[PDB]
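Here is the structure we will look at.
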Amino acid sequence: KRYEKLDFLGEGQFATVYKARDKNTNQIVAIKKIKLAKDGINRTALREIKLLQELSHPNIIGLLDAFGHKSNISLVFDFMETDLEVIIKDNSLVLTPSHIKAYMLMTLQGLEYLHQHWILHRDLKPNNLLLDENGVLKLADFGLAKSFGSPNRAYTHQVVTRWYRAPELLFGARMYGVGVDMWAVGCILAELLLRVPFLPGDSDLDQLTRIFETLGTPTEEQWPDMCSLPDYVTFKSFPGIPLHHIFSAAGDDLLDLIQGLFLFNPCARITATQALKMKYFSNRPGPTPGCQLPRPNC
Amino acid sequence: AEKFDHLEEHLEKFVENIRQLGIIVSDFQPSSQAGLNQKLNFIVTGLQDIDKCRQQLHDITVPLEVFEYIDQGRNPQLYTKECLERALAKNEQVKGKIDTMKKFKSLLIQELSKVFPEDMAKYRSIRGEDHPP
Amino acid sequence: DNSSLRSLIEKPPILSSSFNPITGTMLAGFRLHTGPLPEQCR
Amino acid sequence: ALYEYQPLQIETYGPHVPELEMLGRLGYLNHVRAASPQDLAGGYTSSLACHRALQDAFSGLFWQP
Amino acid sequence: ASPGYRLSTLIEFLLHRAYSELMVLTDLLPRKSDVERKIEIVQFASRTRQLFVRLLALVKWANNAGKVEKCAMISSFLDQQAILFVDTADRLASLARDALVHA
Amino acid sequence: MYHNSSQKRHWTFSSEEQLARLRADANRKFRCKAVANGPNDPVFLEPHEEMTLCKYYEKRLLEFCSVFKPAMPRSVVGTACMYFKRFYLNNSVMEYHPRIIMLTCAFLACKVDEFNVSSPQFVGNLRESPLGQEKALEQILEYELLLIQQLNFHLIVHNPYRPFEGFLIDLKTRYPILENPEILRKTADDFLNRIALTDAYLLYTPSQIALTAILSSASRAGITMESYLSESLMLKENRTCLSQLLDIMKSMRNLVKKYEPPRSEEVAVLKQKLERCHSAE
């Protein structure tokens, strides 16, 4: 009626995404139809709608439209050719420190906006960092995203992809701040520097073991008041690998950024704003312009 | 071998079906009536018959390298000859090595027998235990 | 590029147990006009 | 072509809200329920609640349609 | 045992993938140009036909499905011992000096 | 955040006249739709009668969200009532019955806010037979997409409760003249309920609604809090902003003053005429 399907982009466990073109602006969009008991419109779709309707940033996906028919709906976002995962996994295209800095800058600017609006993207991973041909990174899906400000609210500890989960979520923190997004951002940066998933865990216990053996188990002066979380279990005291050994070709400023994003104390962990103010982003290799970022061709 | 044949006709049946559909669509004229959709029906129904046909020949196991020859359009029959030359030549390796190191066993033990007189019987036991009894 | 069939076996889950959803009525797109075809030889 | 950080000026139509760090030493956190030690183990600090309440209190006051 | 693909599974995927591909094409055909819709069908039919030709050769070869992997492993086993002895021998040269040093 | 919200951008209108324009436009649209399809039948409702029925069914919406068997948070109730207000701002009561839309607004508010309630529970909160509960759930699910479409997919509602709490915090902090601002809490809860009964949610920011509740409670309790406006909010210098805020607060206080609750006989007659309009479609 107003949008014409162009390509069969794919599916997620609650959506079917088709490339499309509107007959009003000949702009290429991505339409997302939601599938279908006795509950009504799926809550992930409503969460997408409600959160993305009140955000407008360069680096957050925006639903250009939303509509639907009997018992089912379709959202309409900017069409994003790739995500950061296909850029990471493609061995053909290199990620110079400037390219890494560009991806990090776009991610943290979007997340700084999202956190100034007291919304928490509780699922941040290279799969969910889309980017268009203009090389503008956008935070992809908000189907598990919440408002973290008010306290009377009991959150859930199980919501973020395991590999990009903060230690406190694995320990079962029912209440958390921006530290979950920032830990996932640190893990994204680590995967962006290594091109392979930092801390790939087979379970929550395995994810915690790998976090602790890679960074050192927190000693309660680094993460004071840790032992109070609902699912805390004591761990063998791992030494942890020095960061200049995990990332052997990262500058000292980048190492400080890594250390800040990977602090165990979810309150000493740097926020998007103070991450953006660190010397890494202001140092000599400027981020690449979105026009010069590499695109995975086919 | 009856099942082997039974699957084969269905496979070649599909190939003929594709050609007929390809020719019909290529040579499309108004003088064709209900002759196109029927061919597609024979195709879709033809595909389903193959699924039932692959299960009676389930016992057949295709080696990985053989399908590699098929994938690249190589000569799987030549590989059978290659294996034939492979086994025949390397059967001489195991036997040739064995015979090479068996004569060293027989002659050396005979040499030990000609140097030590007081330990003569023991050397005869070495050869006995050097066999696979 | 023709080694797909080898690659197709490492990911059986791409095709569910029996068959993918099928709707014969939706196959009306196979209703074809009578037009020519360039850059294609028989 | 280096990068300089700009503080993301988003114009709230209301009185100024003090910063989150400069919020316990102005006295606000005395009148907010203290975060439990378990809550503090995560990223929650009882100044997030105070800061959100103050930002929604002053979000639109100097604004009509 | 592992070095080998089941014949039944090999046939299973191609039938469905060709079916799955066709279903993917069925969506794109209605919304394409009159001259372009035929290109997809002809290319898909020719490409799909070629994929089926591989199985035809595979089945006609099935008579040798039993005695090819047997010799492949046997030949490697003979090669393994034939070369393991050489790799074995190279080790002693070090041991004839390293072990003497250790002793 | 409200200052960036879609509630500020679209659902915050300049005057009650624009609200009456929207509602009269919706009523006229339904009337013309009924006439042009098979011309002045007295079965129709007037815009003011529609407003009376809307006030009545918003009262019933508060009653339902107050007796909800799981303790419904007050943000959820505020969101549901805001949805009711908007939906019937742009839609006619005779097209969609306000009881089904009442329940649908409650349902969507329970889902948009993260008050996780299963559908069997939600319909168990209805004083109807299990058959009636099943049918009510069917209607709610039928009307949920319609409700979301009629909201223009603007599902985030900003309620005056969090600005109320933030003003209370700032008032205990930087306003030592006031001691124990929780007497203000009780009286401002009363005034905030009163002001939620009216159409002020579509006309003023939640911050202004909360500040008006607080300063109204002070004025009723004899406290003067002009030093909290001029000082401690730095309206001492932008005098025009201070007078603008005072005009907003006076306007909204008067708006609560002139609110006339729906009657008992009038609501009975309107319910009967509405059910006759719905039965004969």
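In the structure tokens, each chain is lettered A, B, ... as it comes, each chain's residues begin at 1, and ligands are numbered from 1 in order of appearance.
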Tell me, as a list in words, which residues lie within 10 Å of region 67-73 of chain B, counting only C-alpha atoms; anything in the same chain fewer than 6 positions away does not count.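 The contact residues come out as residues 79 of chain B; 1, 2, 3, 4, 5 and 6 of chain C; 4, 5, 7, 10, 51, 53, 54, 55, 56, 57, 58 and 61 of chain E.
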Write the residues you've just listed into a file as a PDB file, in the first residue's frame, and include N, CA, C and O atoms for each of them.
ATOM      1  N   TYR B  79      40.174 -42.633  -8.977  1.00  0.00           N
ATOM      2  CA  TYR B  79      40.547 -42.798  -7.578  1.00  0.00           C
ATOM      3  C   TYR B  79      40.515 -44.266  -7.177  1.00  0.00           C
ATOM      4  O   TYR B  79      41.364 -44.725  -6.403  1.00  0.00           O
TER       5      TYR B  79
ATOM      6  N   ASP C   1      33.086 -22.543  -6.021  1.00  0.00           N
ATOM      7  CA  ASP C   1      31.719 -22.197  -5.652  1.00  0.00           C
ATOM      8  C   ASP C   1      30.776 -23.390  -5.739  1.00  0.00           C
ATOM      9  O   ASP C   1      29.670 -23.330  -5.190  1.00  0.00           O
ATOM     10  N   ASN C   2      31.184 -24.463  -6.410  1.00  0.00           N
ATOM     11  CA  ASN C   2      30.357 -25.651  -6.566  1.00  0.00           C
ATOM     12  C   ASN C   2      30.539 -26.652  -5.434  1.00  0.00           C
ATOM     13  O   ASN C   2      29.922 -27.722  -5.467  1.00  0.00           O
ATOM     14  N   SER C   3      31.367 -26.336  -4.437  1.00  0.00           N
ATOM     15  CA  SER C   3      31.533 -27.179  -3.260  1.00  0.00           C
ATOM     16  C   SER C   3      30.459 -26.934  -2.209  1.00  0.00           C
ATOM     17  O   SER C   3      30.645 -27.312  -1.046  1.00  0.00           O
ATOM     18  N   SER C   4      29.360 -26.281  -2.585  1.00  0.00           N
ATOM     19  CA  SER C   4      28.313 -26.003  -1.612  1.00  0.00           C
ATOM     20  C   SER C   4      27.827 -27.294  -0.970  1.00  0.00           C
ATOM     21  O   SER C   4      27.828 -27.425   0.259  1.00  0.00           O
ATOM     22  N   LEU C   5      27.479 -28.289  -1.793  1.00  0.00           N
ATOM     23  CA  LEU C   5      26.890 -29.520  -1.272  1.00  0.00           C
ATOM     24  C   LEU C   5      27.726 -30.095  -0.139  1.00  0.00           C
ATOM     25  O   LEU C   5      27.184 -30.630   0.835  1.00  0.00           O
ATOM     26  N   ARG C   6      29.051 -29.996  -0.245  1.00  0.00           N
ATOM     27  CA  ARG C   6      29.899 -30.329   0.893  1.00  0.00           C
ATOM     28  C   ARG C   6      29.600 -29.413   2.074  1.00  0.00           C
ATOM     29  O   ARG C   6      29.490 -29.877   3.214  1.00  0.00           O
TER      30      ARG C   6
ATOM     31  N   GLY E   4      33.290 -39.589   5.944  1.00  0.00           N
ATOM     32  CA  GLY E   4      32.319 -40.017   4.956  1.00  0.00           C
ATOM     33  C   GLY E   4      30.947 -39.416   5.193  1.00  0.00           C
ATOM     34  O   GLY E   4      30.484 -39.343   6.335  1.00  0.00           O
ATOM     35  N   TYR E   5      30.290 -38.986   4.120  1.00  0.00           N
ATOM     36  CA  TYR E   5      28.966 -38.384   4.199  1.00  0.00           C
ATOM     37  C   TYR E   5      27.903 -39.413   3.841  1.00  0.00           C
ATOM     38  O   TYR E   5      28.047 -40.158   2.866  1.00  0.00           O
ATOM     39  N   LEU E   7      24.827 -41.073   2.233  1.00  0.00           N
ATOM     40  CA  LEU E   7      24.164 -40.863   0.950  1.00  0.00           C
ATOM     41  C   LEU E   7      22.761 -40.301   1.143  1.00  0.00           C
ATOM     42  O   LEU E   7      22.341 -39.395   0.414  1.00  0.00           O
ATOM     43  N   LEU E  10      22.888 -36.627   2.053  1.00  0.00           N
ATOM     44  CA  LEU E  10      23.290 -35.822   0.904  1.00  0.00           C
ATOM     45  C   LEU E  10      22.106 -35.550  -0.013  1.00  0.00           C
ATOM     46  O   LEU E  10      21.910 -34.418  -0.472  1.00  0.00           O
ATOM     47  N   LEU E  51      23.266 -28.995 -10.222  1.00  0.00           N
ATOM     48  CA  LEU E  51      23.440 -29.567  -8.892  1.00  0.00           C
ATOM     49  C   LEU E  51      22.945 -31.007  -8.844  1.00  0.00           C
ATOM     50  O   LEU E  51      23.529 -31.850  -8.154  1.00  0.00           O
ATOM     51  N   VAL E  53      22.937 -33.106 -11.367  1.00  0.00           N
ATOM     52  CA  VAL E  53      23.813 -33.967 -12.157  1.00  0.00           C
ATOM     53  C   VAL E  53      24.893 -34.578 -11.278  1.00  0.00           C
ATOM     54  O   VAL E  53      25.320 -35.717 -11.504  1.00  0.00           O
ATOM     55  N   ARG E  54      25.358 -33.839 -10.268  1.00  0.00           N
ATOM     56  CA  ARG E  54      26.379 -34.375  -9.374  1.00  0.00           C
ATOM     57  C   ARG E  54      25.878 -35.623  -8.659  1.00  0.00           C
ATOM     58  O   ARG E  54      26.607 -36.615  -8.539  1.00  0.00           O
ATOM     59  N   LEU E  55      24.633 -35.592  -8.178  1.00  0.00           N
ATOM     60  CA  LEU E  55      24.072 -36.760  -7.510  1.00  0.00           C
ATOM     61  C   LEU E  55      23.959 -37.940  -8.467  1.00  0.00           C
ATOM     62  O   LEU E  55      24.222 -39.086  -8.085  1.00  0.00           O
ATOM     63  N   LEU E  56      23.565 -37.679  -9.715  1.00  0.00           N
ATOM     64  CA  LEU E  56      23.447 -38.756 -10.693  1.00  0.00           C
ATOM     65  C   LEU E  56      24.759 -39.520 -10.817  1.00  0.00           C
ATOM     66  O   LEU E  56      24.780 -40.754 -10.761  1.00  0.00           O
ATOM     67  N   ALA E  57      25.870 -38.798 -10.981  1.00  0.00           N
ATOM     68  CA  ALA E  57      27.173 -39.455 -10.995  1.00  0.00           C
ATOM     69  C   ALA E  57      27.470 -40.117  -9.658  1.00  0.00           C
ATOM     70  O   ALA E  57      28.100 -41.180  -9.616  1.00  0.00           O
ATOM     71  N   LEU E  58      27.030 -39.503  -8.556  1.00  0.00           N
ATOM     72  CA  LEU E  58      27.265 -40.083  -7.238  1.00  0.00           C
ATOM     73  C   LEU E  58      26.578 -41.434  -7.101  1.00  0.00           C
ATOM     74  O   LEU E  58      27.170 -42.399  -6.600  1.00  0.00           O
ATOM     75  N   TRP E  61      28.049 -44.236  -9.155  1.00  0.00           N
ATOM     76  CA  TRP E  61      29.286 -44.684  -8.534  1.00  0.00           C
ATOM     77  C   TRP E  61      29.047 -45.509  -7.273  1.00  0.00           C
ATOM     78  O   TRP E  61      29.983 -46.155  -6.789  1.00  0.00           O
TER      79      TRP E  61
END
Could you write out, as a PyMOL selection string, all the residues of chain D that DSSP marks as helix (DSSP H, G or I)? chain D and resi 21-23+28-31+37-41+47-57
With N, CA and C atoms kept, could you save the residues just selected as a compact mmCIF listing (two decimals), in the first residue's frame?
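Contents of selection36.txt, freshly written:
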# COMPACT_ATOMS: atom_id res chain seq x y z
N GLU D 21 27.81 13.35 40.21
CA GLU D 21 28.84 13.29 41.24
C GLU D 21 28.68 14.43 42.24
N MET D 22 28.36 15.63 41.76
CA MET D 22 28.13 16.78 42.63
C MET D 22 26.70 16.79 43.13
N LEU D 23 26.28 15.66 43.69
CA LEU D 23 24.90 15.47 44.11
C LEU D 23 24.76 14.96 45.53
N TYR D 28 21.44 16.23 48.47
CA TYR D 28 20.26 15.57 47.94
C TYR D 28 20.12 14.15 48.47
N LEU D 29 21.22 13.41 48.51
CA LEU D 29 21.16 11.99 48.80
C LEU D 29 20.75 11.68 50.23
N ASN D 30 20.72 12.68 51.11
CA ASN D 30 20.18 12.45 52.44
C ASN D 30 18.68 12.17 52.40
N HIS D 31 17.99 12.64 51.37
CA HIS D 31 16.54 12.52 51.29
C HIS D 31 16.11 11.47 50.27
N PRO D 37 23.44 -2.68 50.14
CA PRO D 37 24.75 -3.17 49.69
C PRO D 37 24.66 -4.08 48.49
N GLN D 38 23.65 -4.94 48.42
CA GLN D 38 23.45 -5.75 47.23
C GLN D 38 23.22 -4.88 46.01
N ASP D 39 22.41 -3.84 46.15
CA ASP D 39 22.14 -2.94 45.04
C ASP D 39 23.42 -2.22 44.62
N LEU D 40 24.22 -1.81 45.60
CA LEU D 40 25.48 -1.14 45.32
C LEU D 40 26.47 -2.08 44.66
N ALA D 41 26.30 -3.39 44.85
CA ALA D 41 27.18 -4.35 44.19
C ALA D 41 27.02 -4.30 42.68
N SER D 47 21.99 7.48 43.85
CA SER D 47 22.04 8.78 43.22
C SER D 47 21.51 8.72 41.80
N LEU D 48 21.42 7.53 41.22
CA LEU D 48 20.68 7.37 39.98
C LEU D 48 19.20 7.66 40.19
N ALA D 49 18.62 7.16 41.29
CA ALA D 49 17.23 7.48 41.59
C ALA D 49 17.05 8.97 41.82
N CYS D 50 17.95 9.57 42.60
CA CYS D 50 17.89 11.01 42.86
C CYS D 50 18.05 11.80 41.57
N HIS D 51 19.02 11.43 40.75
CA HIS D 51 19.26 12.19 39.53
C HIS D 51 18.11 12.05 38.55
N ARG D 52 17.54 10.85 38.43
CA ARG D 52 16.39 10.69 37.54
C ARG D 52 15.19 11.48 38.04
N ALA D 53 14.94 11.45 39.35
CA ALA D 53 13.81 12.20 39.90
C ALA D 53 13.99 13.70 39.69
N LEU D 54 15.21 14.20 39.87
CA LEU D 54 15.46 15.62 39.65
C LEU D 54 15.38 15.99 38.18
N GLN D 55 15.80 15.09 37.28
CA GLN D 55 15.72 15.41 35.86
C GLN D 55 14.28 15.39 35.36
N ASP D 56 13.46 14.47 35.86
CA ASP D 56 12.04 14.50 35.50
C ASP D 56 11.31 15.64 36.20
N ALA D 57 11.80 16.08 37.35
CA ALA D 57 11.15 17.21 38.01
C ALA D 57 11.35 18.49 37.23
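The nearest approach to residue 19 (chain D) among the residues A:116, A:138, A:91, A:39, with only C-alpha atoms taken into account, belongs to A:116.
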Spatial neighbours of region 10-16 of chain C, 12 Å, only C-alpha atoms, chain gap at least 3 places, as a compact mmCIF listing (two decimals) with N, CA and C atoms, in the first residue's frame:
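Saved result, around_4.txt, follows:
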# COMPACT_ATOMS: atom_id res chain seq x y z
N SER C 4 29.36 -26.28 -2.59
CA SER C 4 28.31 -26.00 -1.61
C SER C 4 27.83 -27.29 -0.97
N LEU C 5 27.48 -28.29 -1.79
CA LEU C 5 26.89 -29.52 -1.27
C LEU C 5 27.73 -30.09 -0.14
N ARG C 6 29.05 -30.00 -0.25
CA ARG C 6 29.90 -30.33 0.89
C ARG C 6 29.60 -29.41 2.07
N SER C 7 29.46 -28.11 1.82
CA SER C 7 29.19 -27.16 2.89
C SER C 7 27.78 -27.30 3.45
N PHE C 19 10.09 -30.62 6.06
CA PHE C 19 10.03 -29.73 4.91
C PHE C 19 9.78 -28.32 5.41
N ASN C 20 10.10 -27.35 4.56
CA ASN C 20 9.82 -25.96 4.86
C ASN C 20 8.36 -25.63 4.57
N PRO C 21 7.83 -24.56 5.16
CA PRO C 21 6.44 -24.19 4.88
C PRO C 21 6.20 -24.00 3.39
N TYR E 5 30.29 -38.99 4.12
CA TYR E 5 28.97 -38.38 4.20
C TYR E 5 27.90 -39.41 3.84
N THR E 9 21.54 -38.48 3.65
CA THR E 9 21.59 -37.09 4.07
C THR E 9 21.96 -36.18 2.90
N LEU E 10 22.89 -36.63 2.05
CA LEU E 10 23.29 -35.82 0.90
C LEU E 10 22.11 -35.55 -0.01
N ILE E 11 21.30 -36.58 -0.30
CA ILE E 11 20.12 -36.39 -1.12
C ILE E 11 19.10 -35.52 -0.39
N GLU E 12 19.01 -35.67 0.93
CA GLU E 12 17.99 -34.95 1.69
C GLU E 12 18.15 -33.44 1.54
N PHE E 13 19.38 -32.93 1.62
CA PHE E 13 19.55 -31.49 1.66
C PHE E 13 19.22 -30.87 0.30
N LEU E 14 19.74 -31.46 -0.78
CA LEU E 14 19.60 -30.86 -2.10
C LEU E 14 18.13 -30.72 -2.48
N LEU E 15 17.33 -31.74 -2.19
CA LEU E 15 15.90 -31.66 -2.48
C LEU E 15 15.27 -30.46 -1.78
N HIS E 16 15.57 -30.29 -0.50
CA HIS E 16 14.97 -29.21 0.27
C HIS E 16 15.56 -27.85 -0.12
N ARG E 17 16.88 -27.78 -0.32
CA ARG E 17 17.49 -26.51 -0.69
C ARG E 17 16.95 -26.01 -2.02
N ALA E 18 16.83 -26.90 -3.01
CA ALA E 18 16.20 -26.53 -4.26
C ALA E 18 14.76 -26.10 -4.03
N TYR E 19 14.04 -26.83 -3.18
CA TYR E 19 12.70 -26.40 -2.78
C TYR E 19 12.76 -25.08 -2.02
N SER E 20 13.69 -24.96 -1.07
CA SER E 20 13.82 -23.72 -0.31
C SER E 20 14.23 -22.57 -1.21
N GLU E 21 15.19 -22.80 -2.10
CA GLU E 21 15.55 -21.74 -3.03
C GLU E 21 14.34 -21.31 -3.84
Excluding residue 42 (chain C) and residues on its chain fewer than 2 positions from it, collect all residues at most 12 Å away from it, counting only C-alpha atoms, and give them as a short mmCIF file (atom, residue, chain, number, x, y, z; two decimals) with C-alpha atoms, in the first residue's frame.
data_model
loop_
_atom_site.label_atom_id
_atom_site.label_comp_id
_atom_site.auth_asym_id
_atom_site.auth_seq_id
_atom_site.Cartn_x
_atom_site.Cartn_y
_atom_site.Cartn_z
CA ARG B 19 14.49 -30.29 -19.62
CA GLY B 22 12.92 -25.65 -19.59
CA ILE B 23 11.97 -26.37 -23.20
CA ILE B 24 8.28 -25.63 -22.61
CA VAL B 25 9.00 -22.28 -20.97
CA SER B 26 11.63 -21.47 -23.61
CA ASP B 27 9.38 -22.49 -26.53
CA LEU C 37 14.59 -13.04 -23.26
CA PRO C 38 17.93 -11.42 -24.18
CA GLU C 39 21.39 -12.39 -22.90
CA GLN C 40 20.23 -16.02 -22.72
CA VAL E 42 16.22 -20.02 -16.52
CA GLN E 43 19.30 -19.44 -14.38
CA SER E 46 20.02 -24.51 -15.15
#
Using CA of residue 101 (chain A) and CA of residue 192 (chain A) as the two end points, give the distance in Å to one decimal. 9.9 Å
